[PDB]
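Chains here go by letter, A, B, C, D, E, F, G, H, I, J, K and L, matching the order in which they are written, and residues are numbered from 1 within each.
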């Protein structure tokens, strides 16, 4: 895999792909 | 954190994997 | 607003748009 | 869970907010 | 709900989620 | 180009990519 | 409408342009 | 307009809702 | 069709829509 | 990571996220 | 091909890497 | 190339079509 530059919803999409059925938590600063 | 890191810098899928449940 | 089927990455995109900075958890296993 | 509420069944944006932190 | 920062197609996705079966119109400037 | 099924948010994303600055209407009720 | 043309059936990018303003 | 506002500034879902048919 | 400003995954989505069943190749620099 | 169904634009988005700068081919015909 | 591996059946991110250049 | 052109400048769907298989 390659390093990623992910903003906004793109990060969430990436988390979705990486975590699959495990799901994930999305915790931005502030 | 990861949300900022991935956007202001870069991050890896391996880093992301840490955020799975 | 509406009620509609939100699945998969679309579901997490919707969570990302509703929750934003609050963050969210996507936990398909429950 | 969220999948049952929003994917299998339908949910509103308000219901989606149930899964915010 | 939280305020949104939406460019490009992200806005259209948001309109899609917000409007559901009502649909929507997308009317950029110029 | 091609013909293919475009549904849901993908349909509006496609409209957003075909129409762009012209804008578009997405009116599923007809 | 657009859903019938493009989702239920298939449409081209040109047909999609029918729904531009 | 809303397309510009959401991108150059911010906008709310409530603002967006005004653009539904 | 209108000209496009497409970065990141948005380009890939556009290629997907344009190429349909033909598929496509995505070849960034470096 | 996980195994999951990746279809359509989601498949190419996933390729775009796994391959990135390497680029990729999406060749549904095989 | 990729569609059979990843859409019709399921694939891992590693298998997806098979389609990188 | 096209990936850069579309992002740093603009590109057309017709240009993109050149990248189909």
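Criterion: a contact is a pair of C-beta atoms (placed from the backbone, for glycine too) under 8 Å apart; a residue touches a chain by one contact, two chains touch by 3 or more.
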| item | value |
| --- | --- |
| Interface with more contacting C-beta pairs, comparing E-H to A-C | E-H |
| Selected from D-E, J-K or A-K, interface repeating E-H by over half of its contact pairs | J-K |
| Chain G and chain I: spacing of chain centres that average the CA atoms, whole Å | 20 |
| Whole-Å separation of chain centres (CA-atom averages), chain G against chain K | 29 |
| Per-residue overlap in chain I, given as positions that touch at least 2 other chains | 1, 3-5, 8-9, 13-15, 17-28 |
| Junction residues of chain G, two or more chains touched | 13, 17, 21 |
| Touching residues (chain side chain E, partner chain C) in the complex | 1-4, 13-14, 17-22 |
| Sites on chain D touched by chain E in the complex | 13, 17 |
| Residues of chain A defined as touching chain C within the complex | 8-9, 12-13, 15-17, 19, 21-28, 30 |
| Interface residues, chain A side, partner chain B - complex | 1, 3-8, 11, 14-15, 18-20, 22-29 |
| Chain H residues within the chain E interface of the complex | 1-4, 6-7, 9-14, 16-17, 19-21 |
